[PDB]
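The listed protein sequences derive, respectively, from chains A, B and C. To get the authors' numbering, take the position in the first sequence, counting from 1, and add 119. To get the authors' numbering, take the position in the second sequence, counting from 1, and add 119. To get the authors' numbering, take the position in the third sequence, counting from 1, and add 119. Backbone N, C-alpha and C define an ideal beta-carbon position, used for all residues, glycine too. Take a look at the structure below.
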Amino acid sequence: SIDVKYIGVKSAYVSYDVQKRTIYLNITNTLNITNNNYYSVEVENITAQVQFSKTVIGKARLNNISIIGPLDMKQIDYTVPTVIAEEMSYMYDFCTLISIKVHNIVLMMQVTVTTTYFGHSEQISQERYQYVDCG
Amino acid sequence: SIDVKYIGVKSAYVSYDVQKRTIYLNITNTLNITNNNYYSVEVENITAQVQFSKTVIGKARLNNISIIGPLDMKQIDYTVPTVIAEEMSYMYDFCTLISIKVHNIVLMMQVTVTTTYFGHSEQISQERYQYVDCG
Amino acid sequence: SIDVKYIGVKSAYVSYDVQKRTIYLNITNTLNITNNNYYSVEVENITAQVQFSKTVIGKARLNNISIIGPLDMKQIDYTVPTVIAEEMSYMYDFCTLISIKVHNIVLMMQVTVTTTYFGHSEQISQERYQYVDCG
């Protein structure tokens, strides 16, 4: 990939920015830019390409065959009991969180039992992330 | 891919931004841009391509075959009981969350038992994320 | 892909923005742009392409064959009982949330048992996300 950028606040090619309570006077700004970009990217020039798959079963005997793909989840248990018991008392809860299997971004590509692949595959993530903020 | 950007506030090619309580006076700004972009991208030039799949079964005997694709989820349990008991008492709850299997983004591509693929595949996420804010 | 941007507040090619309580006086701004973009993108030049799939079954004997595609979910259980008991007491709940299996964006593409694919596939997500905000 090319030119993948995370900029936290400000982006410019050229900047003349003036901020706070400043005096900016008699300034002469002159700019002459030549900025040309040429991209020949992810380009393919092929005579022949073959993705051949063949399965042959002769006079064979097959019994109890199990093929299982990735991410198989079996008998998973989450037990998260919350119990509050109070008498003659005071409870103050602020920003209290119980979080079970919380997901932000899930990117899945080519998750398979069998795969034949030719070419390009790409995953990009750019993120500003805050889970909890309080005061 | 090309030119994939996260910018937190401000984006320019040229910027002259004048912000707060400033004096900006007698300024001469002159600008002369040539900025040309040329893209030959994700381009393909091919004489032949073949995606061939063949299954032959002859005088075979087949019993108890299971083929199971990815992300099989079986007999999963979430148990999250919440109990409050009070007498002569005070509860103050502010911003209290119970969160089970919460998703933001799920992107799934070519999730299969079998795949034959030629060419380009792409996933992009760009994000400002905040789960909790309180005050 | 090309030029995929997330900008938090403002985007411009050339910007002369003046913000707050500022004096901007006698300013001379001159601009001369040439900015041409040329795109040859996802272009294909092919003489022959073949997607062949063949299944041949002769005098075979087949019994108990199961093919199961991805994301199979079986006997999943969610138990989230909430119980509040109060006498001579006070409950103040503000911004209290119980969230089970909540989804924002779910994108699924080419999710199948078997697939033969030629070309381009793409998923893009751009987002400002707040789950909870309160005060």
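DSSP three-state call for residue 155 of chain C: helix, strand or coil? Mapped onto the third sequence, residue 155 of chain C falls at position 36. Collapsing the DSSP output to three states places residue 155 of chain C in coil.
Where residue 237 of chain C falls, given that 16 or more other Cβ within 10 Å makes a residue buried: Along the third sequence, read from residue 1 onward, the residue named residue 237 of chain C stands at position 118. Label assigned to residue 237 of chain C: buried.
I want to know whether the stretch 239–246 of chain B touches the stretch 240–251 of chain A - three or more CB-CB distances under 8 Å. Counting Cβ pairs under 8 Å, three or more are found: they touch.
Put residue 190 of chain A into one of helix, strand or coil per three-state DSSP. Counted from its first residue, the first sequence places residue 190 of chain A at position 71. DSSP places residue 190 of chain A in coil when its eight states are reduced to three.
Use the C-beta contact count for residue 136 of chain B: other C-beta atoms within 10 angstroms, 16 or more gives buried, fewer gives exposed. Reading the second sequence from its first residue, position 17 is the one you call residue 136 of chain B. For residue 136 of chain B, the number of other beta carbons within 10 angstroms of its own is at least 16, and it is reported as buried.
Assigned secondary structure, residue 201 of chain C (DSSP; H/G/I helix, E/B strand, else coil): Here residue 201 of chain C refers to the residue found at position 82 when the third sequence is read from its first residue. Three-state result, residue 201 of chain C: strand.
For the pair the stretch 162–174 of chain B and the stretch 215–224 of chain B, tell me if three or more CB-CB distances fall below 8 Å. Contact between the stretch 162–174 of chain B and the stretch 215–224 of chain B is absent, with fewer than three C-beta pairs closer than 8 Å.
Which residue or residues does DSSP assign as beta-bridge partners of residue 254 of chain B? Here the question's residue 254 of chain B lines up with position 135 in the second sequence. Residue 254 of chain B is not bridged to any residue.
Own chain partners of residue 241 of chain B with C-beta closer than 8 Å, once the 5 adjacent residues on each side are dropped: Along the second sequence, one-based indexing puts residue 241 of chain B at 122. Cβ neighbours of residue 241 of chain B beyond the five flanking positions: 120.
Beta bridge counterpart(s) of residue 136 of chain C as assigned by DSSP: For the purposes of this step, residue 136 of chain C is identified with residue 17 of the third sequence, where counting begins at 1. DSSP lists no partner for residue 136 of chain C.
Buried versus exposed, by CB contacts within 10 Å (16 or more), residue 195 of chain A: Within the first sequence, the letter at position 76 stands for residue 195 of chain A. So residue 195 of chain A ends up on the exposed side.
Using 8 Å as the threshold, is the stretch 184–193 of chain B in touch with the stretch 141–159 of chain B, meaning 3 or more CB pairs across them? Touching, no, given that fewer than three Cβ pairs across the two stretches are closer than 8 Å.
Who does residue 169 of chain B pair with in a DSSP beta bridge? Along the second sequence, one-based indexing puts residue 169 of chain B at 50. In the DSSP output, where bridge partners are listed per residue, residue 169 of chain B has A:169, C:169.
Under three-state DSSP, which class holds residue 145 of chain B? Here residue 145 of chain B refers to the residue found at position 26 of the second sequence. Secondary structure at residue 145 of chain B: coil, using DSSP grouped into helix, strand and coil.
Assuming residue 134 of chain B contacts residue 134 of chain A under a Cβ cut-off of 8 Å, what Cβ separation, rounded to an integer in Å, is found between them? Working through the second sequence from its first residue, we reach residue 134 of chain B at position 15. Working through the first sequence from its first residue, we reach residue 134 of chain A at position 15. So it is a contact: roughly 5 Å between Cβ atoms.
Would you kindly report the start and end of the unbroken beta strand (DSSP E) that includes residue 223 of chain C? Against the third sequence, residue 223 of chain C aligns to sequence position 104. Where residue 223 of chain C is concerned, the enclosing beta strand (DSSP E) stretches over 222–228.
What does the Cβ neighbour count give for residue 206 of chain C, buried or exposed, with the cut at 16 atoms within 10 Å? Counting from one through the third sequence, the residue named residue 206 of chain C turns up at place 87. Exposed, since its Cβ has fewer than 16 Cβ neighbours within 10 Å.
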